[PDB]
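Peer 1: One structure is given below, represented as structure tokens, and several questions about it will come after.
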Amino acid sequence: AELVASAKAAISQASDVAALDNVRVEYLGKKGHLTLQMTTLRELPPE
């Protein structure tokens with residue numbers, strides 16, 4: 001429930017009060033966050 005869901009907590013909440021079709025602006029901003037979070041696995045045990 002830390003960052004794994006905290007970034008998803010700020011993602012769905014940002015996609016809640018979307019007036020127009022601004023959900024793509026949230027997607028490009030959140031997919032850029034989760035893709036930069038895929039670089040976190042550069043460390044960690046390889047198994």
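Scheme for the structure tokens: letters A, B, ... for chains in order shown; per-chain residue numbers from 1; ligand numbers from 1 in order shown.
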Considering only alpha helix (DSSP H) as DSSP defines it on the backbone, what residues of chain A qualify? List them as an mmCIF file with N, CA, C and O atoms, in the first residue's frame.
Peer 2:
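Contents of selection_34.cif, as written:
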data_model
loop_
_atom_site.group_PDB
_atom_site.id
_atom_site.type_symbol
_atom_site.label_atom_id
_atom_site.label_comp_id
_atom_site.auth_asym_id
_atom_site.auth_seq_id
_atom_site.Cartn_x
_atom_site.Cartn_y
_atom_site.Cartn_z
ATOM 1 N N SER A 6 0.079 4.017 -3.812
ATOM 2 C CA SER A 6 -0.004 5.462 -3.613
ATOM 3 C C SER A 6 0.049 6.205 -4.942
ATOM 4 O O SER A 6 -0.637 7.219 -5.119
ATOM 5 N N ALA A 7 0.862 5.723 -5.885
ATOM 6 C CA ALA A 7 0.843 6.293 -7.227
ATOM 7 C C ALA A 7 -0.444 5.938 -7.960
ATOM 8 O O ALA A 7 -0.949 6.743 -8.751
ATOM 9 N N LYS A 8 -0.987 4.743 -7.711
ATOM 10 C CA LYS A 8 -2.288 4.384 -8.259
ATOM 11 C C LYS A 8 -3.426 5.098 -7.543
ATOM 12 O O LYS A 8 -4.510 5.243 -8.117
ATOM 13 N N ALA A 9 -3.205 5.543 -6.303
ATOM 14 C CA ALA A 9 -4.217 6.338 -5.615
ATOM 15 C C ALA A 9 -4.328 7.728 -6.227
ATOM 16 O O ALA A 9 -5.431 8.274 -6.348
ATOM 17 N N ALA A 10 -3.196 8.316 -6.614
ATOM 18 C CA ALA A 10 -3.191 9.600 -7.301
ATOM 19 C C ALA A 10 -3.471 9.470 -8.791
ATOM 20 O O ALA A 10 -3.600 10.493 -9.472
ATOM 21 N N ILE A 11 -3.563 8.249 -9.309
ATOM 22 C CA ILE A 11 -3.863 8.032 -10.721
ATOM 23 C C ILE A 11 -5.363 7.953 -10.961
ATOM 24 O O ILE A 11 -5.903 8.655 -11.821
ATOM 25 N N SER A 12 -6.057 7.093 -10.212
ATOM 26 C CA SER A 12 -7.504 6.987 -10.363
ATOM 27 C C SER A 12 -8.200 8.265 -9.910
ATOM 28 O O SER A 12 -9.168 8.705 -10.540
ATOM 29 N N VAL A 23 -8.435 12.288 -19.825
ATOM 30 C CA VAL A 23 -7.918 11.048 -19.260
ATOM 31 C C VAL A 23 -6.657 10.592 -19.977
ATOM 32 O O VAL A 23 -5.850 9.850 -19.403
ATOM 33 N N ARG A 24 -6.461 11.020 -21.227
ATOM 34 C CA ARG A 24 -5.220 10.708 -21.926
ATOM 35 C C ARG A 24 -4.050 11.491 -21.344
ATOM 36 O O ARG A 24 -2.928 10.977 -21.273
ATOM 37 N N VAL A 25 -4.293 12.736 -20.926
ATOM 38 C CA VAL A 25 -3.249 13.516 -20.268
ATOM 39 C C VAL A 25 -2.842 12.863 -18.956
ATOM 40 O O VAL A 25 -1.678 12.947 -18.544
ATOM 41 N N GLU A 26 -3.785 12.206 -18.277
ATOM 42 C CA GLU A 26 -3.438 11.451 -17.079
ATOM 43 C C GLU A 26 -2.723 10.155 -17.439
ATOM 44 O O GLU A 26 -1.812 9.723 -16.723
ATOM 45 N N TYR A 27 -3.116 9.526 -18.549
ATOM 46 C CA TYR A 27 -2.483 8.277 -18.962
ATOM 47 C C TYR A 27 -1.013 8.493 -19.304
ATOM 48 O O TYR A 27 -0.138 7.768 -18.818
ATOM 49 N N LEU A 28 -0.723 9.495 -20.140
ATOM 50 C CA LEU A 28 0.662 9.779 -20.504
ATOM 51 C C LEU A 28 1.492 10.177 -19.290
ATOM 52 O O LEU A 28 2.702 9.923 -19.255
ATOM 53 N N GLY A 29 0.864 10.796 -18.287
ATOM 54 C CA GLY A 29 1.585 11.153 -17.080
ATOM 55 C C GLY A 29 1.765 10.001 -16.116
ATOM 56 O O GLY A 29 2.775 9.938 -15.408
ATOM 57 N N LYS A 30 0.802 9.079 -16.070
ATOM 58 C CA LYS A 30 0.888 7.930 -15.176
ATOM 59 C C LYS A 30 1.628 6.757 -15.806
ATOM 60 O O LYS A 30 2.379 6.061 -15.114
ATOM 61 N N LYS A 31 1.427 6.514 -17.105
ATOM 62 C CA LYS A 31 2.221 5.496 -17.785
ATOM 63 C C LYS A 31 3.698 5.868 -17.792
ATOM 64 O O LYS A 31 4.561 4.985 -17.734
ATOM 65 N N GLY A 32 4.007 7.165 -17.851
ATOM 66 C CA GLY A 32 5.385 7.596 -17.695
ATOM 67 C C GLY A 32 5.918 7.368 -16.295
ATOM 68 O O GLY A 32 7.127 7.202 -16.109
ATOM 69 N N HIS A 33 5.033 7.358 -15.296
ATOM 70 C CA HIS A 33 5.450 7.069 -13.927
ATOM 71 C C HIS A 33 5.678 5.576 -13.723
ATOM 72 O O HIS A 33 6.688 5.168 -13.137
ATOM 73 N N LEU A 34 4.745 4.747 -14.200
ATOM 74 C CA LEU A 34 4.881 3.303 -14.041
ATOM 75 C C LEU A 34 5.992 2.736 -14.915
ATOM 76 O O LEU A 34 6.603 1.723 -14.554
ATOM 77 N N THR A 35 6.259 3.357 -16.067
ATOM 78 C CA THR A 35 7.393 2.928 -16.881
ATOM 79 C C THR A 35 8.713 3.306 -16.223
ATOM 80 O O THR A 35 9.697 2.563 -16.321
ATOM 81 N N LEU A 36 8.757 4.462 -15.553
ATOM 82 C CA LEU A 36 9.925 4.816 -14.757
ATOM 83 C C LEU A 36 9.996 4.015 -13.463
ATOM 84 O O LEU A 36 11.066 3.949 -12.848
ATOM 85 N N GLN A 37 8.882 3.415 -13.035
ATOM 86 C CA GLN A 37 8.900 2.481 -11.916
ATOM 87 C C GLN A 37 9.308 1.077 -12.339
ATOM 88 O O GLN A 37 9.704 0.277 -11.484
ATOM 89 N N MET A 38 9.216 0.758 -13.633
ATOM 90 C CA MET A 38 9.770 -0.495 -14.129
ATOM 91 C C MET A 38 11.293 -0.484 -14.116
ATOM 92 O O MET A 38 11.910 -1.554 -14.104
#
